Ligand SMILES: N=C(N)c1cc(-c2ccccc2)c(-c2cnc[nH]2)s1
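Consider the single chain below, provided in C-alpha cells and representing the form deposited without the ligand.
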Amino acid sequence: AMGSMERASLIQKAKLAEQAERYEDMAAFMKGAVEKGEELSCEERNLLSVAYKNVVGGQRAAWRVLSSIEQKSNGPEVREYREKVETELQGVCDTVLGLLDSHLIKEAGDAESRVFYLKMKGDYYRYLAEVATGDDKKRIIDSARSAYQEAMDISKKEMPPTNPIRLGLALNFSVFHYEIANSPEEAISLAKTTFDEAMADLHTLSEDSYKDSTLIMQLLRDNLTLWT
C-alpha cells in the first residue's frame, strides 16, 4: 500500500495530515512508517499515537451516540448501523494492537519506550472493552489491566512522578478502573496518589515536561472533582 514510499516521505506526509486534520490518512502513513521495520523515535511514537487516537476517538463518539439511541424502554436499523460502526472501531483497534505486538513492543528497549507502547496496548484493549460483551469481555479487560499494570510497575521504578508518560499512564489506568473495571474505589486512590506524589516531589518537574505534565495534572484533578 505505502511500500513504494521512502520512510522519510511517509513521516513528512504524516506531519502534513495532522495539519490538514486527516487522521485516517495520518494513521495510514504511520502504519506504513512502522512497517519499514525500524524502531520509532520519541516524536514518531507520538505521531503514531495521535493519528490513531483521533481515528478511534471519532468512532467511539459515534458508537456511544448510536448505542445511547438503543433505548429499549417501554425496527432493526439502529442496531445494524451501531454494529457497522462497532465492527469498524474494532478493526482499527485490532490494527494498532498488531503493530504493537509484531513491531513496537520489545523486551529489550528504553524505559520511556517500553512504557509508552504498553500504555497504548492498555488504551486500545480499553476501547475494545467498551464495545465488547459477555464471556468475551472478561478476557479483554484482563489484557488491558495486565498491560497497564506492567507499564505502571516499570514507571514507578524508572520514572519520576512528574513525568508526562508516567502521569498520562496513571490517568488512563484510573479511567480504566472507573469506566471499565467498575471500581471507583481503586480509581480515586490511584488518581489522588498520582496527583499528590507529583506535588510531593515537584522539585523533579523539569523545563521540558512543564507544559505536558501540568495539563495531565489538571485532567487528573478534573476527574476527581467529577468523581468526589
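Just so we're on the same page, rigid core means the largest C-alpha set that superposes within 1.5 Å between forms. Note that residue numbering follows the sequence shown and begins at 1.
There is also a form deposited with the ligand bound; it is not shown, and the following applies to it.
Can we say 27, 39 and 150 each have a non-hydrogen atom within 4.5 Å of the ligand in the entry with it bound?
Looking in the entry with it bound, the three residues 27, 39 and 150 all stay beyond 4.5 Å of the ligand (heavy atoms).
Does any heavy atom of residue 158 come within 4.5 Å of a heavy atom of the ligand in the entry with it bound?
Result no; residue 158 lies far from the ligand in the entry with it bound.
Residue-level contact is defined here as any heavy atom of the residue lying within 4.5 Å of the ligand in the entry with it bound; does residue 182 satisfy this criterion?
Residue 182: no, not in contact with the ligand in the entry with it bound.
Hey, in the entry with it bound, does residue 104 get a heavy atom within 4.5 angstroms of the ligand?
Taking the distances in the entry with it bound, the answer for residue 104 is no, it never comes within 4.5 Å of the ligand.
For residue 47, is any heavy atom within 4.5 Å of the ligand in the entry with it bound, or not?
Judged by the heavy-atom cut-off of 4.5 Å, residue 47 is in contact with the ligand in the entry with it bound.
Picking from 205, 17, 219, 10, which residue has its CA shift by 2 Å or more between this form and the one not shown, once the rigid core of the two forms is superposed?
The only residue crossing the 2 Å threshold is 205.
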